[PDB]
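Okay, so here's just one chain, in structure tokens, the form deposited in one PDB entry.
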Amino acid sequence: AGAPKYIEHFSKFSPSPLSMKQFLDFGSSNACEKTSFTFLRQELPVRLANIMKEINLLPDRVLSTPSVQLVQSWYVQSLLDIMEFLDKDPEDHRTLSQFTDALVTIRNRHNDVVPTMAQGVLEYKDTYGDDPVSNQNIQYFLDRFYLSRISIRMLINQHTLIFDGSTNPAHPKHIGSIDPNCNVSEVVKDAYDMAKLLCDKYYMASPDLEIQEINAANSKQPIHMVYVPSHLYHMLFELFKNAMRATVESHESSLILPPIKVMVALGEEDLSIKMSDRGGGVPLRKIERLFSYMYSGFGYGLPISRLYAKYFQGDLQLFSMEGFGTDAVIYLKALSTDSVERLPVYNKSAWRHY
């Protein structure tokens, strides 16, 4: 309903990446609701249009699956919802209240995008018989689609959580979804506790947790950073589940399981979190498969965990020793000014892969 014209226009622009510190500025006394509106009514169409161009480059057999068609229809509707605001007055508190409601509607509409897109890959696999693990097009696309999705969810969450007028705010000292004083070990313990509750139900034994902090500059100081705790939680929950599953499965006896050891290091540039297990490990040749969408989980926990780490210029790396165990390391930027969004952009480089 005009959609191809809007997609074409907004696709020409590059997404504009923000630092964690710029997110904080948008949610502070340095900015207001009008600033967030004028930014987002341009930025959300650019990001929606850029990924919608890439969806339309998928092989026709993937594009025509019911679930991919459903996801494409949501993106089209969300783009048109934001177009209603392009000529509205930012000075008018009605415009701003209507915009917040439109973003809440979009967030609800897109809530199940991750499993719905995964269902479309399975529909493709179960119809045509091509293993999506081995299809490099689908793997390349899903990394960029899911990173795009994380970036759009971050923009919408920041606006709706800050400008809600949220009656009783969950975590009242957060700036939207950002904790400017995130205690990293508390997020580690919370992710471990949730993984331990699941592991106790299904195995009747879980490895213990051991945490060590190294604050290079200030030995005694409990480590804090500016981060989105839900993103950190998602990564650590996934890593704990895998380390606990490997530890339990590789041990004859559930009586004396080796613990999972976590080290949190704060350097000048990096906040590093290493999770070490004695779960028997993975041969080097098979590490790549663990980050493959829908490999032998719902098929996406570990690759999406790695996208959350990449999103603010971090990484998630696995280093295994077959016959012994596995180290997983989350690398985050220590400084909010270094934590800049990593966004896929629709360009010649992207086009080539498809």
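In this text, residue numbers run from 1 along the sequence as written. So that the term is clear: the rigid core is the largest set of C-alpha atoms that superpose within 1.5 Å between two forms.
There is also a form solved in complex with a small molecule; it is not shown, and the following applies to it.
Using a 4.5 Å cutoff between non-hydrogen atoms, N137 counts as a contact of the small molecule in the deposited complex. For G120, a non-hydrogen atom is located within 4.5 Å of the small molecule in the deposited complex, even though that partner is not displayed. Among heavy atoms of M52, none comes within 4.5 Å of the small molecule in the deposited complex.
Shown alone here, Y75 lies farther than 4.5 Å from the small molecule in the deposited complex, counting heavy atoms only. Partner contact region in the deposited complex: 121-129, out of 188-196, 216-224, 121-129, 90-98, criterion any non-hydrogen atom within 4.5 Å of the small molecule.
Checking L142, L271, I106, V228 against the small molecule in the deposited complex, a heavy atom within 4.5 Å turns up for just one residue: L142. Highlighted residues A309, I330 and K333: none comes within 4.5 Å of the small molecule in the deposited complex, counting any heavy atom.
Superposing the rigid core between the shown form and the other one leaves a single residue from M263, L147, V133, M83 with a C-alpha shift of at least 2 Å: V133. Relative to the superposed rigid core, the position of the CA of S254 differs between the shown form and the other one by 2 Å or more. Once both forms are overlaid on the rigid core, the distance between the two CA positions of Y124 between the shown form and the other one is 2 angstroms or more. With the core held fixed, the Cα of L307 is displaced between the shown form and the other one by less than 2 Å. Panel note: the distance between the CA atoms of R289 and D130 is smaller in the deposited complex than in this form, the difference being 3 Å or more.
Annotation: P283/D130 CA-CA distance shorter in the deposited complex than in the displayed model, change of at least 3 Å.
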